[PDB]
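Visitor: Structure incoming, see below.
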Amino acid sequence: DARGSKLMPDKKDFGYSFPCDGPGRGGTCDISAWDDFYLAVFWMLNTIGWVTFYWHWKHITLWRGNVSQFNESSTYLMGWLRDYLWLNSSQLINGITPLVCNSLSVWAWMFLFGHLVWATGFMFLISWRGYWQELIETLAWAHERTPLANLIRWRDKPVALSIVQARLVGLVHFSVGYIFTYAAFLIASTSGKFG
Amino acid sequence: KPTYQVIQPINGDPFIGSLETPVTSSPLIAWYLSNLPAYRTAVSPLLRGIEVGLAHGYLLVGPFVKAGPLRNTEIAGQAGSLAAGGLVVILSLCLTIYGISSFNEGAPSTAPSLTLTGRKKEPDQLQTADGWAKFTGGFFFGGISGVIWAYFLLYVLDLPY
Amino acid sequence: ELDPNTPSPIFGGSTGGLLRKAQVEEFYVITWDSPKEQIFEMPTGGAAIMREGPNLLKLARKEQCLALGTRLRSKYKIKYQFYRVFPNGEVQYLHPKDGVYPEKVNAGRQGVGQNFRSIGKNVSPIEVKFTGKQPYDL
Amino acid sequence: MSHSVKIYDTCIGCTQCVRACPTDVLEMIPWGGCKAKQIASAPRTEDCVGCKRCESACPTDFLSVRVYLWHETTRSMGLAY
Amino acid sequence: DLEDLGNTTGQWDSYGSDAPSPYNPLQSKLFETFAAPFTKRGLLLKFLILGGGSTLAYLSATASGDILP
Amino acid sequence: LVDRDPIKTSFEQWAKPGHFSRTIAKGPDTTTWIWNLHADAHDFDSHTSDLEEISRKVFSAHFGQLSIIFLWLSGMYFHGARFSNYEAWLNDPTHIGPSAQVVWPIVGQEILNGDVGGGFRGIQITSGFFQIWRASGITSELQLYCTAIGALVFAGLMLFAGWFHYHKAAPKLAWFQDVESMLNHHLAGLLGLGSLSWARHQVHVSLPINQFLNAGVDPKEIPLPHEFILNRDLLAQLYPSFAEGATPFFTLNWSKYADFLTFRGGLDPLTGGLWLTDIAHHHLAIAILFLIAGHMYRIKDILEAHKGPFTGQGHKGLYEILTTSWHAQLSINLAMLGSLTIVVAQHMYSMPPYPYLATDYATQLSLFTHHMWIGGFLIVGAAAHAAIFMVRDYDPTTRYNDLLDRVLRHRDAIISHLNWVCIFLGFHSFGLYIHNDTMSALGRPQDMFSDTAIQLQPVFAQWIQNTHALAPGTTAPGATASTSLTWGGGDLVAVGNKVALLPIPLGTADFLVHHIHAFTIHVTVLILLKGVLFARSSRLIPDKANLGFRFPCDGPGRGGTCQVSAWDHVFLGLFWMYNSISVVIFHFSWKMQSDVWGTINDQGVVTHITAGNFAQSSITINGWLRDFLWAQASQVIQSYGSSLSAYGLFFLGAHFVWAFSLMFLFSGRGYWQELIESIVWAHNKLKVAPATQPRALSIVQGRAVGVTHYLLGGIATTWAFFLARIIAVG
Ligand code: CLA
Ligand code: CLA
Ligand SMILES: CC1=C(/C=C/C(C)=C/C=C/C(C)=C/C=C/C=C(C)/C=C/C=C(C)/C=C/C2=C(C)CCCC2(C)C)C(C)(C)CCC1
Ligand SMILES: CC1=C(/C=C/C(C)=C/C=C\C(C)=C\C=C\C=C(C)/C=C/C=C(C)/C=C/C2=C(C)CCCC2(C)C)C(C)(C)CCC1
Ligand SMILES: CC1=C(/C=C/C(C)=C\C=C/C(C)=C/C=C/C=C(C)/C=C/C=C(C)/C=C/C2=C(C)CCCC2(C)C)C(C)(C)CCC1
Ligand SMILES: CCCCCCCCCCCCO[C@H]1O[C@H](CO)[C@@H](O[C@H]2O[C@H](CO)[C@@H](O)[C@H](O)[C@H]2O)[C@H](O)[C@H]1O
Ligand SMILES: CC1=C(C/C=C(\C)CCC[C@H](C)CCC[C@@H](C)CCCC(C)C)C(=O)c2ccccc2C1=O
Ligand SMILES: CC1=C(C/C=C(\C)CCC[C@H](C)CCC[C@@H](C)CCCC(C)C)C(=O)c2ccccc2C1=O
Ligand code: SF4
Ligand code: SF4
Ligand code: SF4
C-alpha cells in the first residue's frame, strides 16, 4: 500500500514520496512507500552486513588458519566483538600510533572518517526540520541587523531542509560512513594479517 | 539628558526592533564608520576599494607566514606574499561573481555632489553593477599589493616577550 | 519615526517584528476597536498596553494578526480588521472585502470541492501522462 | 494544488466541529442543503501555509490533509525573511 | 529658578548631523585608471581567471628540484 | 463526575470508565490511554483549574520519597551489616576488595561471586559505605543492624506524615503562599542543626575512635559502645577538658594548646583521607552560618529595590508569582541542586573526605561519574520545567512588563549570540583534533599541536594551580601543603600500596579537552535556552502555545514545522548532555590513570596505570580508541567466566538496548499502524483481536521511547566498560 490504507485511504497521486502528514488521526508519519523504502534500507544495511561480516572470520581464520576459532567463536555474541572486530583491528589503528606512522594510514583515517560520516547521519534522523528552521529565523536576524554584513542579499532565502530530504541525507550519510568503514576495516586487516 | 536619548527603541517605531542600544547606536560608535560604506556612500566606491583591499591586505601574513603549513620560514618569499597573494585572488572573485547579483547597469557618475544627498532612499541597492566592479577592481589592487608592504618590511618585530 | 507619529498601539522596543523583506514585498498591518486600556500578550514575545485609535499596529505576516484574533477574542470585543500593505498600495485587499467572520453567507467566491471526481475509489491511479488535450489543469 | 489536501467530508457543518487555521478557510458557502448545509472543501487558498490543523477537528472521512502543495510560495513558506 | 544652565547649552542643539566631518583623504584619481584591468573591464573576467590561476597553479607546482613532499 | 458528588458518597469509586479530559476515556476502548496516565499522571492542567490542593499533594509525594530512601539503605545498611565484608575489611583495609552483596547459587548464577574478602565470596562494591562508614567507631554488624531499623523507623512514620496530609482532611493556601519564613528555619537549624549536630558526633566518638584506629587493633580491642560521656578520660587524649577557658572568649592562656581543630590542609599518611580533624572545625564553622543566616527576616523588599538602565523594572515584583508558580520554583532549584551536585564530583577526587579513597580508586570514580550524571540529568530538567513555566501555570497575564517581558524583548538575540559562539568553538574545539589525524596520518609532527610540537614548550606550570599551592604568602596561615594535594607545588609522599594523589600537571592535552567541554557545554544550553525562551510563541508559530509544551509538531507546512515545541528541545538537549557528561567521564579516568593512579615502589618510582600514554596521544582522537576504547575494554571483552562477568555480560545487552533506540528514534508512526493492522487482520480471522483498539505509539511517546533507551543503553554500556577496568589492575 503505496496506494494506501485506512490510516490513509487516499494516499495517492504522489504515491511515492509525500513524506509526512498532519498530526491527528492517530498521528501519521513516514507512511509514504518511499519512507518504508527509506526504512527498508537500514536492514539491507544489516543483512548485507551479517552476511558479509560472516565470510571473513572464516577465510581470515581459514588462512593462517585455525579453523577451530570461528567454530567456538561463531557460537555466541560477545567475542564476536572480542575477536574479530576486537582482534584484528589490531594493525590499522596505529598507522597513526604516536610513535610515528606505519604502512597503512589512508585506511584508519578512512575508518574514523567512517565513524563520523555515520554518526553525523543522526542529526538528519533525530532532528526533524522544525527546530532547525526556527533558529535560522533568529540567525537570519543577524545580518539583516548587524553591520558590514548588510544590504547584502542572498539570491536564495535561508531555510531548513524539507521534511523528506533529511530522512534521505541522514542515510546517503548513514550509508557512506557505514560502507566506508568496512571498506577500510576489512582491507586494513586482511593485509597485514595474520589470517 | 533623557535617560538614554529622548528614550527611543529604533529610529522611532518600536515594531521593527533592533532594540537600538549602545553598540547599535552611540554617538561614539556610530561615527567610527562613515567615509566607509556604513551610512552614506562616501564617494562613488572606486577608492573605498583599496583602503578596503589594502587594510585587509597586509593582514593575512603572520597568519600564513608565522602559522604557515611548515611554519617559521627560511625562504626569500615568505614573511611573505607567497600563497596569501593567492588568497586575495581566490577571494577577489569569489567576490566578483556576487556582482552578478546586482547589475542594474549605468553610468550616472556622481562622486561629485549636488545637494545634500539624502541619497534619498539609499537603503537597499542602487548600486548598479558598474559600481561593484570599480570596488572589487580596487580590491585586487588592495589585496595583491597590500600583501607586499607586509613582507617588504623587515619585521623589526616584537618577540613573544 | 518622529516627524509623523501616527501611532495607536504601544510596545516599546523588540527584536521580534519585521525585518527587511517587509519593505520589498508584502506588508500586512492589523487594526481594532477598544474600551478601557488593557495590557496585552502580542505576537513576538511580549507586551504592551492599547487605549485607542486607529489602534493600528502592523505585522510581518498574516498568520500573526489572525493569531491574535484567537488572541483577540478571548478578552473580547467585536472588531478586528487586518489589511495587507505593499510597498505601492493595493491589490489583494485582505479582511475588508465582503462581511467578515467566515461562517456566514452572502456568497461563494471559491473552493468547489472535488476537482473532477469525488473521494470514492481513487484506487484508480493517475491517468494519461500529461498531454495538452485533456482537462487536467484545474 | 497549488494547495490540494482534501478535508472535505459530507456534513460540512461548522458548529462544535472546526474553525482553526490561519486565514485560509472561508466556508459557509452553502450547497442546496445538507442538514447544516455549509459545504465544500474550501475558499480560495492562495493565502496561507500548510497545517492539517485543517482537520485535526471536524471530519474528512477518507484522507487527513497535510503538507502537500509542492508548488511552494514564500508567503506559503513562512520564511522569505 | 536661576540655576538652570539656562538652556544648557545646547549644542545647536544636539544636532550633529549637518556637518560632522570633511569627507575623504585627498587622493583624487591618484589611481584613476591607474590600473585599468578592473578599471576597463566590459567585458572581462575569465581571461583573468585563466591567467591568474594558471600561474598560480602552474608554477605553484612544477619543479625545480623537488624539495619534495 | 458524579459518581456521586459531593455529600453522600463515602462510597469509593472503583469502576465505570475512568477518567480524563472531558470526552473522558470514551467509554469506547483504546490503548493509548494506558500509555497516557503513567505519562502525565501529574501534569496539573487537570484535576483542578485551581491550584487549591496540588501544593497539598506535592508535600505528600515528597514524604514518600524520603521514606523510600529510608526503605533504601536500611536496606543498604543491612546488606552492609549482615553480609559483612566490613568487619573483616576494617582491621584489614587496603587488603580487602569489599562486598555487601551475594547471590544464592541458582543456575548459572554464582560465576558472579568471587573472592572479595576477609575470606568470603562476594560481589565487589563501588559505592562506599565502608567509607562513609569508617566514621562509626564502635563497630560491629548487629548495630549497623540498628542504624538499619532506625532507618525503617524513619519510614512508616516519615511515610504516615503523607497519610497525615493530603488524604487526611488537610491543609490550605496561606501556609505555602505565605512563605515568609521558610528558608528561615531550613538553613538556620538543620542545614545548621545538622553539620552542627553532626559536629556533635564528629569528635565526640568518631575522631577518637579512628584517632587510635589508624594503627590497627581488632576493634573493641578499642571501643566500648557507650563509653563516651560524663566520662571522659579519653578526650584527654585528643585534648583537654578546656582546662580553664570559659565558653571560649579570652582571658585564656596557651603555652602549648589550641582546641581540637588545628586545621589540616593535606592528607593522612597511612589513612590518606585528609585530616579527620579539620572535619569537626569546618562543619562547626558552617552551621554558625545558617545558625546565623536563617534569621532573616519576615519580602519583595530586597528584590524590589535596585534597578539600572539596561537593568530590570521587572526585577521588582520579579514575581508576586514566585510564591505561587511551583513549576518555576522547581526549575530554579534543579539548575542549582543539579549544578550543585557535579561540583561535588570535583572536590571529591582532588580532596577526598572519607578514610581510604584514592587508594580505593574504583570506589570513588563510580562516584565521580554517578555524581556527574545527576549534575546534568537534573539540569536539562531545570530547563524543561522552566519551559513548563514559560508556557503555562498562572491563569492569566498579570506578570507583566518586566525583566522577563524584557529578556523576551530580545530573544532572537540572546540566542542569536550563543550560536556563533558554538561554531567558533567546534572549529576551534574539535576539528582541532582532526588536524592531528589528517596531518599525523599525513605524518609530519613538526606541525601537529602536540604538547611538544606547536610551541608553548615544556611548562604548564603557572596559572592559578601554582599560586594555589604555594598558598601561605597569605593572610593564609595554614597546614603544610595545599587545600588540594594535586595542585602543583609540594610532596611526593601519599600512600601504602599505591599512589593516591599527586600534582596532575596538565599542559596542552588538558588544554583542548577543557575546550571541547566548553563547546559541548555551550551547544547544550543553546537548544534548551532557545527552547524554553521560544516556549509559547515563535516567528514560525504564533498560535504556538495553544495545547502544548508537548505537541508532536504543528504540521507538515511552513516547510518543516516538526521539532519546535520544547518537550523536544528537552529531548534533543538530553541527546547532547548524554555526551556532555559521557565525554567528561571519558576525560577524568583517562587522565586519573594515565597520570596519578599509581603505584609506589622502592624509592618511590611512580608507575602510572599507564605510563603517561596521554602525552602525545589523546591529541589524536584515534588515540582515544587506540589508547582508550580499544586499550581498556580489553578487560570488558576478557571478563567472561569470572566474578564480575556481569559487566561483560551486560556490555552486550544495553550495548544492544542502545542499538534498539534508533528504531524508536529514527522511524515514522502511521507506519507501525499500517503494519499493526496487517497484524489486526490476521488477528480477526481466528477471532482474536479488536477489543481495546490496539494503536501505534503517540508520536511523542515514540520519542519518549527513543532517548530514554538511547540513554539507559549508551550509558550502562560504560557502567560496565568501567567496573571492569578498576576492579583488577587499577
Ligand atoms: C524535582 C523534580 C522532578 C519532579 C518533581 C518532576 C515532576 C514532573 N515532571 Mg519532570 N523532569 C525532571 C525532574 C522532575 N520532574 C527532570 C530532571 C527532567 C529532565 C529529564 C524532567 C523532564 C520532564 C518532562 C519531559 C516532562 C516532565 C513532566 C513532569 C510532570 C509529570 C510527571 C509524571 O507523569 O512522571 C513521569 C514518569 C513516568 C511516566 C515513568 C517512566 C520513567 C521511564 C522513562 C523509566 C526511566 C528509565 C529507568 C532506567 C527505568 C527503570 C529500570 C528498568 C530498566 C527496570 C511532573 C509535574 C511532564 C509534563 O508533561 O509536565 C506536566 C513532561 O513529560 N518532566
Ligand atoms: C558528529 C557530528 C555531527 C556534527 C559534525 C554536528 C555538528 C553540529 N551540531 Mg549536531 N547533532 C548530531 C551530529 C553532529 N552534529 C547528532 C547525531 C544529533 C542528534 C542525534 C545532533 C543534535 C544537534 C542539536 C540539537 C544541535 C546540534 C547543533 C550542531 C552544531 C553545533 C555548532 C558547531 O560547533 O558546529 C560546527 C563544528 C562542527 C560541525 C564540528 C567540526 C567539523 C570539522 C570536521 C571541520 C570541517 C570543516 C572544513 C572546512 C570542511 C571543508 C572541506 C571540504 C572538502 C568540504 C554543529 C553544526 C546545534 C547548533 O546548530 O548550534 C550552533 C544544535 O543545538 N546538533
Ligand atoms: C526543641 C529541642 C531541641 C531540638 C532537638 C532536635 C529535634 C534536634 C535536631 C537535630 C537535627 C534536626 C539534625 C538534622 C540534621 C540533618 C542533616 C545532617 C541532613 C542530612 C542529610 C543527608 C545525610 C542527605 C544526604 C544526601 C545528599 C548529599 C543529597 C541526596 C543524597 C543523600 C540523601 C545521600 C534541642 C536539641 C535544642 C533540645 C531541647 C529541645
Ligand atoms: C526468549 C524470551 C525472552 C527473551 C529474553 C531476552 C532475549 C532478553 C534480553 C535482554 C537484552 C538483550 C538486553 C536487556 C538489557 C536490560 C537492561 C540493561 C535493564 C536494566 C537496567 C538497569 C537496572 C540499569 C541501571 C543503571 C543505572 C543505575 C543508571 C544507568 C546505569 C545502569 C544502566 C547500570 C524472555 C525470557 C525475556 C521472555 C520469554 C521469551
Ligand atoms: C544518621 C543516621 C541515623 C541516626 C539517627 C539518630 C538516632 C540520631 C542523631 C543525631 C541527633 C539527634 C543529633 C542531635 C544533635 C543536637 C544538637 C546539635 C543540639 C543543638 C544545641 C542545643 C542542644 C541547644 C542549645 C541551646 C543553647 C545555645 C543554650 C540554651 C538554649 C538552647 C537549648 C537553644 C538514623 C537513625 C536516621 C539512621 C541512618 C543513619
Ligand atoms: C614521572 C616523570 C618524572 C618527572 C618528575 C620528576 C621530578 C621529581 C623527582 C621524582 C618525583 C618522585 O618523588 C619521589 O622522589 C623519590 C624517588 O626518587 C622518593 O624518595 C623517598 O625515598 C627515600 C626513603 O627515605 C628518600 O630518598 C626520600 O627521603 C623519600 O622522599 C619518594 O618516594 C618521592 O618523594
Ligand atoms: C542540520 C539539519 C538541518 C539544517 C540544514 C543544514 C545545516 C544545511 C547546511 C549546509 C551544509 C553545511 C553544506 C555542506 C554540504 C557539502 C557536502 C556541500 C553539498 C554539495 C552538493 C551539491 C551535493 C535541517 O534542515 C534538517 C531538516 C530535517 C531533519 C534534520 C535536519 C538537520 O539535521
Ligand atoms: C517500532 C516503533 C513503533 C512500534 C512499537 C510498538 C507497537 C511498541 C508497543 C508494544 C507493546 C509495549 C506490547 C504490549 C503487549 C503486552 C504488554 C501485552 C501482554 C502482556 C504480557 C504478559 C506479555 C511505534 O509505534 C513508533 C511510533 C513512533 C515513532 C517510532 C516508532 C517505532 O520506531
Ligand atoms: S471540517 Fe469537514 S465537516 Fe467540518 S465543516 Fe469542514 S468540511 Fe465540514
Ligand atoms: S493549515 Fe491547512 S487548512 Fe489550515 S489554513 Fe493552512 S492550508 Fe488551510
Ligand atoms: S513532521 Fe511531525 S508533525 Fe509533521 S507531519 Fe511529520 S510527524 Fe507529523
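Taken together, the values in this text are just the output of simple stated rules run on the coordinates, not laboratory data. Every residue, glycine among them, receives a Cβ derived from its backbone with ideal geometry; neighbour counts consider all protein chains shown.
Visitor: Give the peptides F:249-257, D:31-39, F:488-496, C:56-64 in descending order of average Cβ contacts within 10 Å, highest first.
Guide: Numbers: F:249-257: 8.4, D:31-39: 13.3, F:488-496: 16.4, C:56-64: 22.7.
Highest to lowest by the protection proxy: C:56-64, F:488-496, D:31-39, F:249-257.
Visitor: What is the mean number of Cβ atoms from other protein chains located within 10 Å of the Cβ atom of each residue in peptide D:18-28, rounded to a whole number?
Guide: On the way: counts 0, 3, 3, 3, 13, 9, 3, 4, 13, 7, 10.
For peptide D:18-28, the averaged partner shielding equals 6.
Visitor: Here is a follow-up. Could you pull out every residue, at least 5 positions away or on a different chain, whose amide H is within less than 5 Å of the one on C:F40? Hs are placed 1.01 Å off N in the peptide plane, and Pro or chain starts have none.
Guide: It is C:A48, C:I49, C:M50, by chain and number.
Visitor: Which one, C:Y28, C:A47, C:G111, is farthest towards the positive end of the dipole of chain C when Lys and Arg carry +1 and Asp and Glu -1 on their Cβ?
Guide: C:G111
Visitor: For chain D, what is the charge dipole size about the Cα centre, in debye to the nearest 20, if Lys and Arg each add +1 at the Cβ and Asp and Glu each add -1 at the Cβ?
Guide: Working: 9 positive and 8 negative charges, 26 e Å.
So the dipole magnitude of chain D works out to roughly 120 debye.
Visitor: Treating the angle as unsigned and between 0 and 90°, give the value, to the nearest 10°, between the Cα long axis of helix E:48-60 and the longest Cα principal axis of chain E.
Guide: 60
Visitor: Assign one of three labels to chain A, namely rounded, prolate or oblate, based on the Cα gyration tensor with a ≥ b ≥ c the square roots of its eigenvalues; rounded applies when a/c is under 1.5, prolate when it is not and a/b is larger than b/c, and oblate otherwise. Could you put the intermediate results ahead of the total?
Guide: Working: a/c = 3.70, a/b = 1.54, b/c = 2.40.
Taking the square roots of the gyration eigenvalues as a ≥ b ≥ c, chain A is oblate.
Visitor: Okay, moving on. Dipole of chain F (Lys/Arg Cβ +1, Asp/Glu Cβ -1, origin at the Cα centre): which of F:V525, F:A500, F:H42 lies farthest to the positive side?
Guide: In chain F, that residue is F:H42.
Visitor: Going by the alpha-carbon gyration tensor, a ≥ b ≥ c the square roots of its eigenvalues, is chain B rounded (a/c under 1.5) or, if a/c is not under 1.5, prolate (a/b greater than b/c) versus oblate?
Guide: Values: a/c = 2.64, a/b = 1.53, b/c = 1.73.
In terms of gyration-tensor shape, oblate.
Visitor: For chain D, what is the Kirkwood hydrodynamic radius in Å, using each pair of distinct C-alpha atoms? Write down the numbers at each step before the final one.
Guide: Numbers: mean 1/r = 0.0757 Å⁻¹.
Evaluated over chain D, this radius sits at 13.2 Å.
Visitor: Same structure, new question: Using a Gaussian network for chain C with springs between C-alpha atoms less than 10 Å apart, which of these wobbles most: C:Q81, C:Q110, C:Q38?
Guide: So, out of C:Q81, C:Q110, C:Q38, the one fluctuating most is C:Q110.
Visitor: Still on this model: Going by how many other Cβ atoms sit within 10 Å of their own, how do C:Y80, F:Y297, B:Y98 line up, fewest first?
Guide: On the way: C:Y80 19, F:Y297 11, B:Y98 14.
The most exposed by this proxy come first: F:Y297, B:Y98, C:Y80.
Visitor: Would you list C:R71, D:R19 from fewest to most Cβ contacts within 10 Å? Walk me through the intermediate numbers first.
Guide: Numbers: C:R71 19, D:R19 14.
So the residues, fewest neighbours to most, are D:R19, C:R71.
Visitor: While we're on this one: Output the pairs from D:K6/D:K37; A:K11/D:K35; C:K79/D:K52; C:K77/D:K35; A:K6/D:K6; D:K6/D:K52 with a Cα-Cα distance over 21 Å in this structure; if there are none, say none. Display every interim value, and only then the final one.
Guide: Values: D:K6/D:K37 18 Å; A:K11/D:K35 30 Å; C:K79/D:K52 28 Å; C:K77/D:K35 31 Å; A:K6/D:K6 15 Å; D:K6/D:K52 10 Å.
Beyond 21 Å: A:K11/D:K35; C:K79/D:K52; C:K77/D:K35.
Visitor: Students often check this: by mean Cβ neighbours within 10 Å, which of B:41-54, F:283-296 ranks highest, and how do the rest follow? Walk me through the intermediate numbers first.
Guide: Details: B:41-54: 20.0, F:283-296: 16.1.
Highest to lowest by the protection proxy: B:41-54, F:283-296.
Visitor: Sticking with this one: Calculate the mean, over all residues of peptide A:75-85, of how many other protein chain Cβ atoms lie within 10 angstrom of the residue's Cβ. Working shown, then result.
Guide: On the way: counts 0, 2, 4, 10, 5, 2, 7, 8, 1, 0, 1.
Partner Cβ neighbours, averaged per residue: 4.
Visitor: Under 4.7 Å Cβ to Cβ, no partner at all: give me those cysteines from chain F, in residue order.
Guide: Lacking a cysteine Cβ partner under 4.7 Å: F:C146, F:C422.
Visitor: Relative to the compact globular guide of 2.2 N^0.38 Å, what is the alpha carbon radius of gyration of the protein assembly as shown, as a ratio? Mind showing how you got there, number by number?
Guide: Values: Rg = 37.0 Å, N = 1374, 2.2 N^0.38 = 34.3 Å.
Dividing the Cα Rg of the protein assembly as shown by 2.2 N^0.38 Å gives 1.08.
Visitor: Considering every residue in A:28-35, what mean count of other chain Cβ atoms within 10 Å of its Cβ is obtained?
Guide: Numbers: counts 13, 13, 8, 7, 3, 0, 0, 4.
Counting Cβ atoms of other protein chains within 10 Å of each residue's Cβ and averaging gives 6.
Visitor: Which ³J(HN,Hα) values in Hz, rounded to whole numbers, follow from the phi angles of region F:426-435 under the Karplus curve 6.51 cos²θ - 1.76 cosθ + 1.60, where θ = phi - 60° and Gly and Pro get x?
Guide: Values, residue by residue: x, 6, 9, 10, 8, x, 3, 4, 4, 3 Hz.
Visitor: A follow-up question, please. Given the C-alpha centroids of region F:402-466 and region F:144-209, what is the distance between them in whole angstrom?
Guide: Cα centroid to Cα centroid, the span is 46 Å.
Visitor: Still on this structure: Which ³J(HN,Hα) values in Hz, rounded to whole numbers, follow from the phi angles of region F:447-457 under the Karplus curve 6.51 cos²θ - 1.76 cosθ + 1.60, where θ = phi - 60° and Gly and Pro get x?
Guide: 10, 5, 2, 5, 4, 6, 6, 10, 9, 7, 6
Visitor: Build a GNM of chain B with springs between Cα atoms under 10 Å: which of B:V23, B:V89, B:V147 gets the top mean-square fluctuation?
Guide: Per the Cα network of chain B with a 10 Å cutoff, B:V23 tops the list.
Visitor: What helices does chain A have that are whole DSSP H segments, at least 18 Å long along their own axis by Cα, and with mean Kyte-Doolittle hydropathy of 0.5 or more? Before the final figure, lay out the partial values.
Guide: Working: long enough: A:106-119 (20 Å, 1.49); A:174-187 (20 Å, 1.75).
Qualifying helices, which must be both long enough and hydrophobic enough, are A:106-119, A:174-187.
Visitor: Based on Cβ point charges of +1 for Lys and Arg and -1 for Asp and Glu, what charge dipole magnitude is obtained for the protein assembly as shown about its Cα centre, in debye rounded to the nearest 20?
Guide: Values: 99 positive and 98 negative charges, 728 e Å.
It comes to approximately 3500 debye.
Visitor: If you don't mind, another one. Which value in Å is the Kirkwood Rh of chain F over different Cα pairs?
Guide: Values: mean 1/r = 0.0330 Å⁻¹.
Result for chain F stands at 30.3 Å.
Visitor: Given an 8 Å cut-off on Cα distances and at least 6 residues of separation, report the relative contact order of region F:68-205 as a percent. If you can, show how the numbers build up before the last one.
Guide: Working: 123 pairs, mean separation 34.9, N = 138.
With pairs under 8 Å counted, the relative contact order is 25 percent.
Visitor: Arranged by the count of other C-beta atoms within 10 angstrom, fewest first, what order do B:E20, B:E122 take?
Guide: B:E122, B:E20
Visitor: Out of residues 5 or more away from D:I39 or on other chains, whose amide H comes under 5 Å of its own, with H placed 1.01 Å from N in the peptide plane?
Guide: D:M28, D:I29, D:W31
Visitor: Turning to a different aspect of this structure: Name the residues whose placed amide hydrogens come within less than 5 Å of the amide hydrogen of C:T31, ignoring near sequence neighbours (fewer than 5 apart) on the same chain.
Guide: Placed amide hydrogens put C:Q81, C:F82, C:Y83 under 5 Å from C:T31.
Visitor: Now a separate question. Counting helices only, and only those DSSP H runs with n ≥ 4, report the 222 nm mean residue ellipticity of the protein assembly as shown as the sum of -39,500 (n - 2.57) divided by its residues, in deg cm²/dmol to the nearest 500. Don't jump to the answer; show the numbers that get you there.
Guide: Details: 43 runs with 384 residues, N = 1374.
When only DSSP H runs of four or more count, the value is -8000 deg cm²/dmol.
Visitor: Work out from phi, with θ = phi - 60° and the Karplus expression 6.51 cos²θ - 1.76 cosθ + 1.60, the ³J(HN,Hα) of each residue of region F:474-482, listed in order in whole Hz, and give x for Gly and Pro.
Guide: 7, 3, 3, x, x, 6, 6, 2, 7
Visitor: Counting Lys and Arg as +1 and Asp and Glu as -1, each charge on the Cβ, what is the dipole of chain C about the Cα centre in debye, to the nearest 20? Walk me through the numbers on the way to the answer.
Guide: Values: 20 positive and 14 negative charges, 110 e Å.
It comes to approximately 520 debye.
Visitor: So for the protein assembly as shown, taking the charge dipole from beta-carbon charges (+1 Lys/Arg, -1 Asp/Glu), which of F:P171, F:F656, F:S645 sits furthest toward the positive end?
Guide: F:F656
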